[PDB]
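Q: Questions regarding the structure given below will be posed in turn.
Number of protein chains: 2
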Amino acid sequence: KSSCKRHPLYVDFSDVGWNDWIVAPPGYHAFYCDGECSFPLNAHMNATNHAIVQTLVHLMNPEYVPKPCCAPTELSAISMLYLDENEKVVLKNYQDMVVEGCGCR
Amino acid sequence: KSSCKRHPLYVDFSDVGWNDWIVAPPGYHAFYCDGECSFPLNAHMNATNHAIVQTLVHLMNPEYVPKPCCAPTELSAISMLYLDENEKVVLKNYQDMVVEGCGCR
Ligand SMILES: *[C@@H]1O[C@H](CO)[C@@H](O[C@@H]2O[C@H](CO)[C@@H](O[C@@H]3O[C@H](CO[C@H]4O[C@H](CO)[C@@H](O)[C@H](O)[C@@H]4O)[C@@H](O)[C@H](O[C@H]4O[C@H](CO)[C@@H](O)[C@H](O)[C@@H]4O[C@H]4O[C@H](CO)[C@@H](O)[C@H](O)[C@@H]4O)[C@@H]3O)[C@H](O)[C@H]2NC(C)=O)[C@H](O)[C@H]1NC(C)=O
Ligand SMILES: *[C@@H]1O[C@H](CO)[C@@H](O)[C@H](O)[C@H]1NC(C)=O
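For the record, the sequence lines run as chains Y and X. Here the first sequence stands for residues 11 to 71, 71A, 72 to 114, numbered as in PDB author numbering. Here the second sequence stands for residues 11 to 71, 71A, 72 to 114, numbered as in PDB author numbering.
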C-alpha cells in the first residue's frame, strides 16, 4: 500500500525450528521489505537503472510487466552460537540475515 | 501467478519517452523478474538466508509478513550515446540495465 521501506520483524528461532542447531541467540531482529516502487523513484528508493526502466514499462503494460519490487539492498550478518556440519558448536557470523536498507529492483 | 524466474522484455526508448535524450540505441533487451517465491519441486530458487527466514515466517504467519520478492540477483550494463549537459553526443556505460538472473530476496 505505501512506499518501499524497511519494516520490523522479530524472528524467534524456536518458531521457525532453527533451535535444533542454533544455541544462541533465541531469535533476532531480522527486518523485512515492503511497499510500492512507483514512478517517480527518488534517491532514497535505492533504485537500479533497470528498476527505473521497469517503472515506465509497467505504466504502459501493467497486465504483462510488474512494477520493480521492494527488496533488501544492504543485508548484514549476525553472530550466532550453533552446531556445525562437523558436529561442533561454533561462534560464526551468519551472512545475509538482517535487512539494513530496502530498495526497488 | 507463477514461480520466480527471468522473463524476456524489449524496451523501446521511444515508447518510454526517452528517444529525445538517448541518441543510440533505439531500444535494448532488458529483462524482468516475475513469479512467486514458492520453492517448487524441480527448480532452484536462488535465495538469501533472509529470504529463507522470511519464507518460513510467511508460511506460519501469512497475514502478517509477505513472501520474499522475485528480484534480480545479477544485472549487467549497457553502453549508450546520450545528449550531454552542453548538447554533445557522449558515450557512457549505463550500469544495472540488463537482468542476468532472478532470485528470492
Ligand atoms: C536505502 O539504503 C540505505 C542504506 O542502507 C538506507 O538507510 C540506512 O538506514 C539504516 C537503518 O534503517 C542505517 O543503519 C544504522 O546505521 C548506524 C551507523 O553506525 C556507524 O557506527 C557504528 C560504530 O562503529 C557501526 O555499527 C557502523 O559500522 C557505522 O559506521 C548503525 O549504528 C545502526 O545500527 C543499529 O541497527 C542495526 C540494524 O539496522 C542493529 O544491527 C544494531 O546493533 C543497531 O541497533 C540500534 O538501532 C536499532 C534500529 O535500527 C535498534 O533495534 C536497537 O535498539 C539499537 O538502538 C544501523 O545499522 C544505515 O546506515 C542507513 N544508511 C545510509 C547510507 O543512510 C535507506 O533506508 C534505504 N532506503 C529504504 C527505502 O529503505
Ligand atoms: C545466486 O546468485 C549469485 C549472483 O548471481 C551467485 O554468486 C551465486 O553463486 C548464486 N547461488 C546459487 C545457490 O545458485
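Positions of the beta carbon are idealized from the N, C-alpha and C atoms, including for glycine.
1. Could you tell me the distance, in whole angstroms, from the CA atom of residue 48 of chain Y to the CA atom of residue 32 of chain X?
2. Tell me the residue span of the beta strand (DSSP E) that contains residue 70 of chain X.
3. Quick one: which residues of the stretch 25-57 of chain X get their C-beta closer than 7 Å to a C-beta of chain Y? List them in chain order.
4. Determine the DSSP secondary structure at residue 74 of chain X, reduced to helix, strand or coil.
5. Got a sec: is the Cβ-Cβ distance from residue 108 of chain Y to anything in chain X below 8 Å?
6. How about residue 26 of chain X and residue 66 of chain Y: are their beta carbons less than 8 Å apart?
7. Mapping the DSSP letters down to three states, classify residue 49 of chain X as helix, strand or coil.
8. Hey, which unbroken runs of the beta strand (DSSP E) at 3 residues or more fall wholly within the stretch 83-114 of chain X?
9. Whole-angstrom Cβ separation of residue 89 of chain Y and residue 35 of chain Y, contact assumed at under 8 Å?
10. Give me the Cα-Cα distance between residue 91 of chain X and residue 87 of chain Y, rounded to the nearest whole angstrom.
11. Residue 67 of chain X versus chain Y: which residues are under 9 Å apart at the beta carbon?
12. Could you tell me the distance, in whole angstroms, from the CA atom of residue 68 of chain X to the CA atom of residue 20 of chain Y?
13. Kindly indicate which three-state DSSP category residue 41 of chain Y falls into: helix, strand or coil?
14. Do we get a CB-CB distance below 8 Å when we pair residue 59 of chain X with the residues of chain Y?
15. Hey, how far is the Cα of residue 77 of chain X from the Cα of residue 106 of chain Y?
16. Tell me whether residue 17 of chain X sits in a helix, a strand or coil according to DSSP, three-state version.
17. What residues match up with residue 81 of chain Y in a beta bridge as DSSP calls it?
18. Please identify the residue among Y:40, Y:24 and Y:71 whose C-alpha is closest to the C-alpha of residue 111 of chain Y.
A: For this structure:
1. For residue 48 of chain Y and residue 32 of chain X, the distance between alpha carbons rounds to 23 Å.
2. Careful: residue 70 of chain X lies outside any beta strand (DSSP E), inside the alpha helix (DSSP H) at 59-70.
3. Residues of the stretch 25-57 of chain X with a Cβ closer than 7 Å to any Cβ of chain Y, in chain order: 25, 26, 40, 42 and 44.
4. Looking at residue 74 of chain X - three-state DSSP - the assignment turns out to be coil, as it is neither helix nor strand.
5. Among the CB atoms of chain X, one or more fall inside 8 Å of the CB of residue 108 of chain Y.
6. In contact: residue 26 of chain X and residue 66 of chain Y (Cβ atoms closer than 8 Å).
7. Reduced to three states, the DSSP call for residue 49 of chain X is coil.
8. As far as the stretch 83-114 of chain X is concerned, its whole beta strand (DSSP E) runs of at least 3 residues are 98-113.
9. Indeed they touch by this definition, with Cβ atoms about 7 Å apart.
10. Residue 91 of chain X and residue 87 of chain Y have their C-alpha atoms spaced approximately 44 Å apart.
11. For a Cβ distance threshold of 9 Å, residue set 19, 21, 25, 26, 40 and 42 of chain Y lies close to residue 67 of chain X, ordered along the chain.
12. Between the C-alpha atoms of residue 68 of chain X and residue 20 of chain Y there is a straight-line separation of about 13 Å.
13. Three-state DSSP puts residue 41 of chain Y in a strand.
14. With 8 Å as the cut-off, residue 59 of chain X counts as an interface residue toward chain Y.
15. When the Cα atoms are used, residue 77 of chain X and residue 106 of chain Y turn out to be separated by approximately 13 Å.
16. Strand.
17. Looking at the DSSP output, residue 81 of chain Y sits in a beta bridge with Y:111.
18. The residue from Y:40, Y:24 and Y:71 with its alpha-carbon nearest to that of residue 111 of chain Y is Y:40.
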